[PDB]
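Enquirer: Pasting in a structure now, in structure tokens, and then I'll have a few things to ask.
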Amino acid sequence: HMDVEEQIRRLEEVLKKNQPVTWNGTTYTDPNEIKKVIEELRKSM
């Protein structure tokens, strides 16, 4: 539970479907903004 892959796949679920997700600070409505967060997490690996 210090894994980034679980966080990425969580947002991949939302990205594939194109739905609004709350990331515990900001609700990224657009899958563009969701994927941007995936890119921030991607920089960890």
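Order determines the names: the first chain of the structure tokens is A, the second B, and so forth; residues in each chain are numbered 1 upward, and ligands are numbered 1 upward as they are shown.
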Quick one: residues within 12 Å of residue A:16, only C-alpha atoms counted, chain neighbours fewer than 6 positions away excluded, as a list in words?
Expert: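 These residues fall inside the cut-off: residues 8, 9, 10, 30, 31, 32, 34 and 35 of chain A.
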Enquirer: Any chance you could export the current selection's C-alpha atoms as a CSV table (one decimal), in the first residue's frame?
Expert:
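Generated output (again_30.csv):
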chain,number,residue,atom,x,y,z
A,8,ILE,CA,-2.6,4.1,-11.6
A,9,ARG,CA,-5.0,1.1,-12.3
A,10,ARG,CA,-7.6,2.9,-10.1
A,30,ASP,CA,-12.3,15.3,-17.8
A,31,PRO,CA,-10.4,12.0,-18.5
A,32,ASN,CA,-7.6,14.4,-19.8
A,34,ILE,CA,-7.5,12.2,-14.8
A,35,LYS,CA,-4.8,10.9,-17.1
Enquirer: Quick one: pull the distance between atom CA of residue A:19 and atom CA of residue A:5, Å, one decimal.
Expert: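 Computed distance, atom CA of residue A:19 to atom CA of residue A:5, equals 19.7 Å.
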Enquirer: Could you jot down the atom CA of residue A:20 to atom CA of residue A:39 separation for me, Å, one decimal place?
Expert: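 These atoms are spaced 17.1 Å apart.
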Enquirer: Between atom CA of residue A:45 and atom CA of residue A:24, what is the spacing in Å?
Expert: 21.4 Å
Enquirer: Considering only C-alpha atoms, return as a list in words whatever protein or nucleic-acid residues lie within 9 Å of residue A:21, sequence-local ones (same chain, fewer than 5 positions apart) excluded.
Expert: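 In the requested form, the answer reads residues 11, 14, 26, 27, 28, 29, 30 and 34 of chain A.
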Enquirer: If DSSP is run on the backbone, what residues of chain A are strand (DSSP E)? A reply as a ChimeraX atom specification would be ideal.
Expert: /A:21-22,27-28
Enquirer: Taking only chain A into account, list the residues labelled helix (DSSP H, G or I) by DSSP (computed from the backbone), as a ChimeraX atom specification.
Expert: /A:5-17,31-42
Enquirer: Just the selected residues (C-alpha atoms), exported as a PDB file, in the first residue's frame, please.
Expert:
ATOM      1  CA  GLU A   5       0.482   0.613  -9.718  1.00  0.00           C
ATOM      2  CA  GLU A   6      -2.720   0.320  -7.561  1.00  0.00           C
ATOM      3  CA  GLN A   7      -3.254   4.129  -7.859  1.00  0.00           C
ATOM      4  CA  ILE A   8      -2.592   4.104 -11.634  1.00  0.00           C
ATOM      5  CA  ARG A   9      -5.001   1.149 -12.311  1.00  0.00           C
ATOM      6  CA  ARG A  10      -7.629   2.878 -10.066  1.00  0.00           C
ATOM      7  CA  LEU A  11      -7.507   5.905 -12.416  1.00  0.00           C
ATOM      8  CA  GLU A  12      -7.186   3.559 -15.496  1.00  0.00           C
ATOM      9  CA  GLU A  13     -10.633   2.155 -14.530  1.00  0.00           C
ATOM     10  CA  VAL A  14     -12.014   5.731 -14.585  1.00  0.00           C
ATOM     11  CA  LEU A  15      -9.969   6.760 -17.700  1.00  0.00           C
ATOM     12  CA  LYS A  16     -11.248   3.821 -19.820  1.00  0.00           C
ATOM     13  CA  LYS A  17     -14.904   4.580 -18.880  1.00  0.00           C
ATOM     14  CA  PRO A  31     -10.351  11.983 -18.544  1.00  0.00           C
ATOM     15  CA  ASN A  32      -7.630  14.445 -19.758  1.00  0.00           C
ATOM     16  CA  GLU A  33      -7.226  15.744 -16.160  1.00  0.00           C
ATOM     17  CA  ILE A  34      -7.505  12.153 -14.774  1.00  0.00           C
ATOM     18  CA  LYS A  35      -4.756  10.903 -17.149  1.00  0.00           C
ATOM     19  CA  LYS A  36      -2.630  13.942 -16.124  1.00  0.00           C
ATOM     20  CA  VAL A  37      -2.676  12.538 -12.525  1.00  0.00           C
ATOM     21  CA  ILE A  38      -1.746   9.067 -13.949  1.00  0.00           C
ATOM     22  CA  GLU A  39       1.261  10.835 -15.617  1.00  0.00           C
ATOM     23  CA  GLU A  40       2.266  12.360 -12.212  1.00  0.00           C
ATOM     24  CA  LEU A  41       2.103   8.815 -10.692  1.00  0.00           C
ATOM     25  CA  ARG A  42       3.928   7.463 -13.801  1.00  0.00           C
TER      26      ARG A  42
END
